[PDB]
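Chain and residue survey
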Amino acid sequence: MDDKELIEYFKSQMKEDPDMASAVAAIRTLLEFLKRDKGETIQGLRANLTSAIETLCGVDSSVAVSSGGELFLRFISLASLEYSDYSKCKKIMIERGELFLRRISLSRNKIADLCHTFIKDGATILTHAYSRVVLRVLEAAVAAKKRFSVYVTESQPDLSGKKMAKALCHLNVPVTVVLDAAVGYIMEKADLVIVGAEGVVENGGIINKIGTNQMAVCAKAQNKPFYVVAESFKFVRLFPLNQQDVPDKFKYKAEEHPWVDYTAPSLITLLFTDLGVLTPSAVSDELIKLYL
Amino acid sequence: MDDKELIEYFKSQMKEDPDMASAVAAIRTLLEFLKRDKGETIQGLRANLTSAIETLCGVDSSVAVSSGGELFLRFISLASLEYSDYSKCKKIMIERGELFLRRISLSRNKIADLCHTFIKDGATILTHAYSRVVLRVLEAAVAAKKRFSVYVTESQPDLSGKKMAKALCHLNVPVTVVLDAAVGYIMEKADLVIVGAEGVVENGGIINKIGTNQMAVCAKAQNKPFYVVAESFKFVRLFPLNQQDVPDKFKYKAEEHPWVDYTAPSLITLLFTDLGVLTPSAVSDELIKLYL
Amino acid sequence: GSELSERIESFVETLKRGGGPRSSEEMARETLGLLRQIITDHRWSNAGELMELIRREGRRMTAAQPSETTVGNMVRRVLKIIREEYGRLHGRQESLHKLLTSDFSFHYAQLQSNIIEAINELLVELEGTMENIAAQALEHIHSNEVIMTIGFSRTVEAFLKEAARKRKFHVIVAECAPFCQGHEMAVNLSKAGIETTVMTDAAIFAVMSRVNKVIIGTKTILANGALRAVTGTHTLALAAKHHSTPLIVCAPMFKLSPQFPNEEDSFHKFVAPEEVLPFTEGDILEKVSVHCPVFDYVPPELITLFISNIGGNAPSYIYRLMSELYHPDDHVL
């Protein structure tokens, strides 16, 4: 499989279904690459998959793509540990990959059904920018016949907050748009903050759009619960010590304008994943359980 | 004089000197109104001055104009207390107003001279938006042959942070422009925060552009000193219990986009005024000393 | 005078070479006496020239040893006394009231006696500061309390000795390494029957969970309510703040300095590295940079109360006391 057709398949699966996220598209492209590789050794298989992951992360500078890459490499490593013969291992891999794709396709609805019960009637929800998982949880909460008012931040560098407001008014949910600088002004009117995450780091913190850290610190200062809804495949084994420790491949190209920031686990109340409702300390355990 | 030429005088005096602040222009306009009144009673003078202050505050919704109006009213009441006869009172008020105008003109240089000492060589300075007093402070610092870097925020509602960055580059000071959502990202790089104020409330907090509160909260969370430069004629006996308690005449007309927010005294290290370097507790004392 | 000049030079050299008056009250008294002698002996026609000469010797005194703020505090107190005496004899603070409402060098031949009387009154008030501070011990110490101290502070020692006459309590003293002066304090407190404990600095945060309140002295009180204290007081204050333990500073009024914490790299007193790393280490001393700061900066938000000869105050009120002691034009000196 050529590099050009790899990028073409990635872009085609991203464009065909805008609802589906970037990490799922990357994992699908990697599984499609593994589908037709015409190889005979698992060593070259691993090397080719790693190179495909590097070029895919070259296409998109998101943390979720790299998360999916490491998760997929671990999946191949475990499958190889199960079976030594290349043909049996490869067929086991393709069936397991199909099951994995099926399970990660429906994570959003599980997170919605597990998180919509934390919204109360007459609550005031603050969210940062556009995130399909937050849209899904709010849709499920509305389907639960609950009435609430949503606040959203315009998300200045690309106005995805306005897109969130439009996609929320589509279902006639009362929503409001505030500036990036008005977040500290709005915290006291909101009851809880719900955000997504492009990547969940080892210690339980998150990587997200540049304005997430401000909301986390403001909510902590005003004693408001901070909920993060994120998928399992966004679990990177990263340990940022500060904002400078975040890898530069995720900050830029996605005066000086970073596109992401890191939020410490002490500023997060609970994480809503397809694994369930977890404390941040659980996430690390998961990773420790994954890599032996 | 008349409402039309009062507003015209205000706008023209602001236009002819873009350096002079809005409060100074309002006080000058009120003093000019006092000069040509053709009245004979201190009660009518008080009523007409109150109406003129109402008109001026209707022209622009800034806190500083109202603060200057209240200060002018207190000045008139004090002068009336000193001299019973209106004919003798008028000349004394005129000369005292001239001296007051000169003092409030020198206030900016006094603040700059007193504040430039708190910034070191190689220090990283964070500002919020355009502020003439902050610009004067940095000019005094560079005149003292000090080397430092400055970060500014774009101040999204009107990109006055870009204006501040341009004015700082005009003097060739290394400056950077960050988003309004990057403050929490950039706080760890900085050593201290210097912001301006549109008005100092009774308990020692400040009223300033909508992004000030989140920057102060982030600085407190990362233990960074938070310095405020503000003139004395911006002291107001207002006691906002929260963000909603701020009067609406100062938020709008100056989805929901307030122009100002309030910062509590507990988030402020020191205030730099023409009276000197003050703790937030001093301001209240000042007001209590002014109104008997 | 020649004797006055030799006394001034003796004071300056004693300050420069270290040592001198061990107690801060003694050096405040010596500074006040020297200022009185300068006022009496020198010839000054008017108040302005007296101000200029006082400022000149004050500049020399402060440049002799900047870390000792008491000398500059006394110089500024004398300057404010001269200001108030001249204003009261000849005529009749920046505020909003003064701003809304809005000179020296006029000889009077009666100011000197008033200045000397005010200086003597200041000296008498200075003599009884320690007893005034100690008299408030029972209002702050209850039965079976646990107090914590660092180093050796004479005011705190008097505080605890006066409190121990009627109440029983425990005192934990942390030695202030390298000059382990807390051993002297613990021995002295044990001489008075107070049950006492000796421990190192490293154990401070270990024992703060069992401490009821922290009573410490200071070297200087800054304009915003900050402290210049012995090294290790900042971490002790942070530990007390972690446990919400009330931190009490027992410091007289003559330790209030109208400067601000803007000054850096001269705040601390750096002494010979022999106290931290001995000279017998050998060759490794060639490539090792060892620093021994004597003093520490304590932010005002870590101090709960100030007990002085005039009573108890919060740090947020310190500014007012500053405005009651020094003229704003004498801050630069």
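Below: a short report on this structure. (Residues numbered from 1 in each chain as written, not as in the entry; some residues may be left out. Chains lettered and ligands numbered in written order. Part of a larger assembly, values for the part shown. Heavy atoms only, no water. Residues with missing side-chain atoms left out of burial classes, pairs and counts.)

**Considering the interface of chain A and chain B**
Taken together, the contacts link 33 residues of chain A with 34 residues of chain B. Of the roughly 2800 Å² buried where chain A meets chain B, counting both sides, 61% is carbon and sulfur surface. For the pair chain A and chain B, the number of links is zero salt bridges. Where chain A touches chain B, the interface holds eight residue pairs in polar contact. (Contact = heavy atoms within 4.5 Å. Buried area = accessible area lost by both parts, 1.4 Å probe. Salt bridge = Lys/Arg side-chain N within 4 Å of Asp/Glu carboxyl O. Polar contact = N/O pair within 3.5 Å; in protein donor to acceptor, adjacent residues only side chain to side chain.)

**Brief notes about the pairing of strand β7 (residues 226-229) of chain A**
Residues and elements named next belong to chain A. Burial along β7 is two-sided: the residues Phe-226 and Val-228 and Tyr-227 and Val-229 are all buried. For β7 and strand β9 (residues 270-273), the ladder comprises three bridges, and the chain directions are parallel. Within β9, the position partnered with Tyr-227 by the bridge is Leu-270. (Buried < 20%, exposed > 50% of the residue type's maximum accessible area, 1.4 Å probe, protein only. Helix = DSSP H or I, 4+ residues; strand = E, 2+ residues; numbered from the N terminus. Pairing = 2+ DSSP bridges.)

**Quick look at the side chain of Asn213(B)**
Checked against the element boundaries, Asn213(B) lands in helix α9 (residues 212-221). Polar side-chain contacts of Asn213(B) include one of 3.3 Å to the backbone oxygen of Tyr262(B). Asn213(B) has contacts with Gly184(A), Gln243(B), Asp261(B), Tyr262(B), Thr263(B) and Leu267(B), leaving out every residue within four places of it along the chain.

**Considering the relation of the copies chain A and chain B**
The transform that puts chain A on chain B rotates by 180 degrees and translates by 0.1 Å along the axis, for an RMSD of 0.3 Å. Taken together, the turn and the small shift mark the pair as related by a two-fold rotation axis. Among all residues of chain A, the minimum C-alpha distance to the rotation axis is found for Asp180(A), at 2.8 Å. Of all interface residues in chain A, 100% are interface residues in chain B too; the two copies therefore contact each other through one and the same surface. (Least-squares fit on C-alpha atoms.)

**Details of the nonpolar core**
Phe226(A), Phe72(B), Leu126(B) and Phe226(B) are the most contacted members of the largest nonpolar core, which has 100 residues in total. Here the element with the most residues in this core is helix α2 (residues 22-35) of chain B; it accounts for nine residues. If we skip the residues at most four places from it in the chain, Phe72(B) touches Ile27(B), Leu30(B), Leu31(B), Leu34(B) and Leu49(B). In terms of nonpolar packing, the next biggest core, distinct from the first, is built from 65 residues, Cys115(B), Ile119(B), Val277(B) and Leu227(C) among them. (Core = buried A, V, L, I, M, F, W, Y, C linked by side-chain atoms within 4.5 Å.)

**Considerations on the interface of chain B and chain C**
Listed as interface residues are 26 residues of chain B and, on the opposing side, 16 residues of chain C. In this assembly, chain B packs against chain C so that about 2200 Å² is buried in total across both faces, 63% of it on carbon and sulfur atoms. Across the contact surface, chain B and chain C share one salt bridge. The tally of links between chain B and chain C comes to seven residue pairs in polar contact. Taken together, the elements giving at least two residues each to the side of chain B that touches chain C come down to α4 (63-82), α5 (86-115) and α11 (280-290) of chain B.

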